[PDB]
């Protein structure tokens, strides 16, 4: 299988060879390989999507197809590689973005192939190659994505092995990456466990940690549209994405109108105190989160606690305190609690507890510039969406490019090609200021 290897040392070596050609390739040559990856991704997004659902049991196909199309269209390519110039009496100074080399990447089972392909477009654009240690739940999907990219590069004249992976990811294979001297950067896209581990590797780690994104709704909001956007956003790929709304905080005065709209127009099903407890018991085990529930549609989750509901039901909503464990905990499930709030200031405090100091993602619906500003300042997230669904944050219905590696922990924010370069200052003294 193309770009896939029996072990990590082989993956890294192959990748290191290809990178010697990649660092000397023009922008035009890289952009061709990248253009063919975009094309290959679109052509196979149906295959990639059903693979992920079939292998992991999570998410759904129509949303995963859109995810893959967003990656192909809006992931930055070589236009993201830029140069700055200062010139004056003392000459010209240039600052460039040079390659790192072979980058290691650790990728999730939620957006497995989206991450792999987004990372590669970016990383390749900057003259890097990349070696993946994919989540073992999504290994087939992941290595299919890898094989696609090499197909795409083979199509565009080469080289082979711009992206490599291993046939069987383990912890041993990931330990070998993180102590490999040929690898100076690792991008970690995953939970806190893996991110922490890369920032202990002795290499620079770009760390995409977790979150619990709240969405604030105040009384100035368009409430009908707020309902629509929040469910759309929460339920996207069955709540798998890190950015998706996972709990609401509603100003008291409009909280009934919002929730009403949610039931009556957005396919929401309000559960009783009783039903809340059996669902909590289901989705939160003594072992932590229920892997069998993560990324499951709401009809399926309701069905699992013996509640039969119409096929047009797509989200479980209820009103609860912020400590409610379906509210305080990141579930990656179309399960959305509403937390009622006395005041905007109380709303901000509740939202901030709920975000859990992650400074990952948070959302607001308000038409009031002071309100937005207040919330923005206090919540201090890598991402803030105002009056749209969360996925606007990655260019689905909002300005800006797509990524799947949001580096909230180590601070690079929404990663692109430029993230994965080294800065190089070039000082041409006392010449080449033409003024």
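Positions refer to the first chain, counted from 1.
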Q) Should the higher mean CA B-factor in the entry be assigned to 89-97 or to 302-310? A) 302-310
Q: Tell me which of 338-346 and 359-367 has the higher mean C-alpha B-factor in the deposited entry.
A: 338-346
**Q.** 277, 297, 80, 219, ranked by C-alpha B-factor: the highest one
**A.** 277
Q.
Given 170, 153, 128, 266, identify the residue with the highest C-alpha B factor in the PDB entry.
A. 170
Q. So where's residue 10 on the chain's Cα temperature factor ranking, which third?
A. highest
Q) Which third of the chain does residue 424 land in by C-alpha B-factor: lowest, middle or highest? A) middle
Q. Considering only modelled residues of the same chain, in which third does the CA B-factor of residue 390 rank: lowest, middle or highest?
A. lowest
Q.
When the deposited Cα B-factors of this chain's modelled residues are ordered and cut into thirds, is residue 399 in the lowest, the middle or the highest one?
A. middle
Q: Grab the CA temperature factor for residue 201 from the record and place it in the lowest, middle or highest third of its chain.
A: highest
